[PDB]
Amino acid sequence: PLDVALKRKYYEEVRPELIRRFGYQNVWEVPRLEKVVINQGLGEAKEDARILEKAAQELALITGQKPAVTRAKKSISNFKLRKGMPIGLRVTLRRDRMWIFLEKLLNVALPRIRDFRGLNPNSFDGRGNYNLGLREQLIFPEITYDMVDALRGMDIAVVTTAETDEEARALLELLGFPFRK
Amino acid sequence: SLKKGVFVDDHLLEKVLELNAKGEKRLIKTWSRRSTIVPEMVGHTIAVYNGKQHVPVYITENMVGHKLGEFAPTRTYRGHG
Amino acid sequence: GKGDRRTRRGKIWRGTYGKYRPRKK
Amino acid sequence: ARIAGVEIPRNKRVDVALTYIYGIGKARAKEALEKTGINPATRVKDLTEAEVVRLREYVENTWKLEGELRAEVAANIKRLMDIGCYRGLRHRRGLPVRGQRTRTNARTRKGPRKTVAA
Amino acid sequence: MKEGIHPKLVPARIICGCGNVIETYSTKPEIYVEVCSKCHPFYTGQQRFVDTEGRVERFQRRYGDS
RNA sequence: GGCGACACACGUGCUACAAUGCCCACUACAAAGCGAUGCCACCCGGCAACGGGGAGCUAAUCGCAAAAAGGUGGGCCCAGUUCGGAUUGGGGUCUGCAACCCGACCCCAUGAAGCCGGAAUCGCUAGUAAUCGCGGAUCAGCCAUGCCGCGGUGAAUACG
RNA sequence: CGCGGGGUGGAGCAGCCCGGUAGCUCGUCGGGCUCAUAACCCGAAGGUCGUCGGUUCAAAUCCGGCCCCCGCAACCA
RNA sequence: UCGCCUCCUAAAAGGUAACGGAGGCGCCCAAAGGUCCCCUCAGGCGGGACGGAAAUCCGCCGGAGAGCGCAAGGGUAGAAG
Ligand SMILES: [Mg+2]
Ligand SMILES: [Mg+2]
Ligand SMILES: [Mg+2]
Ligand SMILES: [Mg+2]
Ligand SMILES: [Mg+2]
Ligand SMILES: [Mg+2]
Ligand SMILES: [Mg+2]
Ligand SMILES: [Mg+2]
Ligand SMILES: [Mg+2]
Ligand SMILES: [Mg+2]
Ligand SMILES: [Mg+2]
Ligand SMILES: [Mg+2]
Ligand SMILES: [Mg+2]
Ligand SMILES: [Mg+2]
Ligand SMILES: [Mg+2]
Ligand SMILES: [Mg+2]
Ligand SMILES: [Mg+2]
Ligand SMILES: [Mg+2]
Ligand SMILES: [Mg+2]
Ligand SMILES: [Mg+2]
Ligand SMILES: [Mg+2]
Ligand SMILES: [Mg+2]
Ligand SMILES: [Mg+2]
Ligand SMILES: [Mg+2]
Ligand SMILES: [Mg+2]
Ligand SMILES: [Mg+2]
Ligand SMILES: [Mg+2]
Ligand SMILES: [Mg+2]
Ligand SMILES: [Mg+2]
Ligand SMILES: [Mg+2]
């Protein structure tokens, strides 16, 4: 679907606010938002390669994409880890499917997080992308809670064309990202 | 606890109410650890007694409902080894 | 059991009275 | 279904299944049951999403609970320590706060025993 | 997207302490969300319900009347 | 102020680990002792501790008093749980010149170890052992689970 | 100098060979039995593997240097 | 100690001794082979639940210091990885 409420909210009322604030000679110079990369690192399923495809089934359900699997770069002794094995799932979502996911994340998921006095605002990476991570997977609407065998969280990479943190913050703020200020 | 109550020994309650309207305030040593503290105690430095000597205790506003002896410990420990 | 002061058994054992063993007859 | 925080109770009884929340039990349970006017002998398994929303919305709103409660008891203790007070030292050193006796069994608050020689 | 191997992702409706989020466009249409914060209970749309800090406040208050 | 200390070690005990059990309601049956510087019916306020009031008793003459287990009914459905209530947070009550060190009690929250205990080891031969409650001395109050007593129910087993 | 073996809880000895895991007796500590000690029983603690380097994902283990130990040898002159 | 490979000695062709200085081989791989197509390292800094010097993820910087089954050399990402 090409409609998707947040996409809109970005175009009508997020873009202009940004042009009003920083002020921009070019339509392109104003920050767009590409690539939410979701990544589950799991040493948890290492010797068990079965547990994994459940986690990928879970990730599919909330993303609408099947993740691909990442495999161990080098071999490390101290926690098991032959250089062969699967460490975790990683899904790239952009372009619509991205949007429909961030919407759900803003209006349902984070709200459901126990505590949550808001998203940490130091996680901006200095060139203006943002990262965060979640402890449990059941904070999502598509997860039924009786389909959790074991908790696994993840890492989320919000990538943005904004050259700086400040602008990147502004973009995401205006989209409705709740921040701990 | 008490309530119809809030007991404070008149010894220091004197010299404290005194150190409010004098305009000057300094170091005051009481044996009264049974008393309660504040509001006009705050900012003052009182030396409470543990049975052995008088220990200076700086008075701030979350020390409020507490007796003075709470900030002047009677025993000496530092563990066994 | 006799040590739960929040019950009839506790209160009796401790000899006391309250919401969990109110005095009536 | 789930009340404050996540805390899903289930099956069992309802007025019992309410204990399983941090901050609530016995009394506070039997209370919110007639102040939302719900049968306590009913089982959380089955009941109207109606009596479910009345129930969540009451509890979550009346008193503070798992997240903010824990953090509030947390903060009290922090205050007791670092103010320098005597209840504070016994939190600092992991020892019993209210009278009692440490020459012998404090175990609950001292840990397992750590034996030494004679 | 490679055809096979995939959740449908069809338009939905969805629920909360609030009304519906028409947005949806998710797998598995008709979902029920326990509560959100936005929809403005519980933090955003700051309610500050149940509110804390009372414990420095209290010790000074019932205190000096007695 | 300390005798109340706490890395630890021992003795005597209380409470348990549950369904011959826990909870709530209703409903029975004791004895011995204490009390007009005290015991306090009954009414009211309070969820309650308790606080107002306030009659009777120098006491087989009024009070402590409810005995508890039991009985009946209902609930819990084998779960670290309606088991178990240690710890801790907050809120109060009473005594007392005063409850920080060091009080007892009520309420809200918190709910720990514990699923019958290694080697070892104690008591008990009948109205006993188990188990259930009650009074008193000391005493302002109380760390009593102690002690000295009172009755309720009430086994097993001794070839030798 | 030369060739061969060794260095691991307090003591004595395995494990090294064949990379991943450090065990055995005794001592030590806490309980028990005894009037008491020993014997005896029930529990526990304790080693970074001489050392410095290297190899590997990983070194007590494989490799090199150095330091001690024990043994053998040092003949025709 | 004795055959074989790498480096130095070796005096800028080749070659060149010593009981000169240092290391390796006596295998291995049905994919670690042929071809076509694609992809590009290590490291550092910043961000990210369990994740720690390091598992996985995201950003920038990083002409090769990585990789090329094993020693060393030469070579090599305009690929041999
Ligand atoms: Mg930053
Ligand atoms: Mg950017
Ligand atoms: Mg109980
Ligand atoms: Mg004594
Ligand atoms: Mg003490
Ligand atoms: Mg006892
Ligand atoms: Mg356990
Ligand atoms: Mg005290
Ligand atoms: Mg059981
Ligand atoms: Mg026993
Ligand atoms: Mg007494
Ligand atoms: Mg008694
Ligand atoms: Mg011994
Ligand atoms: Mg002996
Ligand atoms: Mg060596
Ligand atoms: Mg190494
Ligand atoms: Mg000869
Ligand atoms: Mg000769
Ligand atoms: Mg000569
Ligand atoms: Mg060269
Ligand atoms: Mg040459
Ligand atoms: Mg030449
Ligand atoms: Mg030449
Ligand atoms: Mg050789
Ligand atoms: Mg890198
Ligand atoms: Mg980093
Ligand atoms: Mg190279
Ligand atoms: Mg080479
Ligand atoms: Mg090489
Ligand atoms: Mg080379």
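Residues numbered from 1 in each chain as written, not as in the entry; some residues may be left out. Chains lettered and ligands numbered in written order. Part of a larger assembly, values for the part shown. Heavy atoms only, no water.

- Listed as the method for this PDB entry is X-ray crystallography; the listed resolution is 2.95 Å.

## Focus: the overall build of chain D
Consideration 1: In terms of helices and strands, chain D carries five helices and zero strands.
Consideration 2: For chain D, the N- to C-terminal ordering of α and β elements is α-α-α-α-α.
Consideration 3: Here the C-alpha radius of gyration of chain D, 20 Å, is well above what a compact globule of 118 residues would show, namely 13 Å.
Consideration 4: The principal-axis extent of the C-alpha atoms belonging to chain D is close to 65 × 35 × 20 Å.
Consideration 5: Put simply, chain D has 118 residues, and 37% of those count as buried.
Consideration 6: Across chain D, every contact between residues at least 6 apart in sequence was considered, and the portion connecting residues at least 24 apart equals 46%. (Helix = DSSP H or I, 4+ residues; strand = E, 2+ residues; numbered from the N terminus. Rg over C-alpha atoms; globule rule 2.2 N^0.38 Å. Buried < 20%, exposed > 50% of the residue type's maximum accessible area, 1.4 Å probe, protein only. Contact = heavy atoms within 4.5 Å.)

## With respect to the nonpolar core
It is characteristic of soluble globular proteins that their nonpolar side chains tend to be buried jointly.
Residues and elements named next belong to chain A.
Consideration 1: The biggest cluster of nonpolar side chains holds 55 residues, and the ones touching the most others in it are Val 36, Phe 140 and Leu 172.
Consideration 2: When residues of this core are traced back to their parent elements, those giving at least two are α1 (5–21), β1 (33–41), α2 (50–63), β3 (86–93), α3 (97–109), β4 (130–134), β5 (154–160) and α4 (165–174).
Consideration 3: If you tally residues by element for this core, the top one is α3, at eight residues.
Consideration 4: Here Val 36 is in contact with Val 91, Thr 92, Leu 93, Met 98, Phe 101, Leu 102, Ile 156, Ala 157 and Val 158, once residues within four sequence places are set aside. (Core = buried A, V, L, I, M, F, W, Y, C linked by side-chain atoms within 4.5 Å.)

## Thoughts on the protein's contact with RNA strand G
Consideration 1: Lining the immediate surroundings of RNA strand G are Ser 75, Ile 76, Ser 77 and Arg 82 of chain A together with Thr 115, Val 116, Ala 117 and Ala 118 of chain D.
Consideration 2: In RNA strand G, atoms within 4 Å of the protein come 72% from sugar and phosphate.
Consideration 3: The separation between a phosphate oxygen of RNA strand G and a polar main-chain atom of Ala 118 of chain D is 2.9 Å.
Consideration 4: Of the residues belonging to the surface near RNA strand G, the class tally is four nonpolar, three polar and one charged. (Near = heavy atom within 4 Å. Polar contact = N/O pair within 3.5 Å; in protein donor to acceptor, adjacent residues only side chain to side chain. Nonpolar A, V, L, I, M, F, W, Y, C, P; charged D, E, K, R; others polar.)

## Things to note about the environment of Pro 178 of chain A
Consideration 1: With respect to the helices, strands and loops of the structure, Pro 178 of chain A is situated in the segment after α4.
Consideration 2: Each C-alpha atom of the pair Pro 178 of chain A and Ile 113 of chain A lies 12 Å from the other, and the pair is 65 residues apart in sequence.
Consideration 3: Leaving out residues up to four positions away in the same chain, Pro 178 of chain A has contacts with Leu 106, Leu 110, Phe 116, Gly 118 and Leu 119 of chain A together with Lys 38, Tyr 43 and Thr 44 of chain E.

## With respect to α3 of chain A
Spacing of three or four residues puts side chains on the same side of an α-helix, whose turn is 3.6 residues.
Consideration 1: In terms of burial, α3 of chain A is a largely internal element, 11 of the 13 residues being buried.
Consideration 2: Three or more residues of α3 of chain A are buried, namely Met 98, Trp 99, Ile 100, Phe 101, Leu 102, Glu 103, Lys 104, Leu 105, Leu 106, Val 108 and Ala 109 of chain A.
Consideration 3: For α3 of chain A, the elements touching its buried residues are α1, β1, α2, β3 and β5 of chain A together with β1 (14–15) of chain E.

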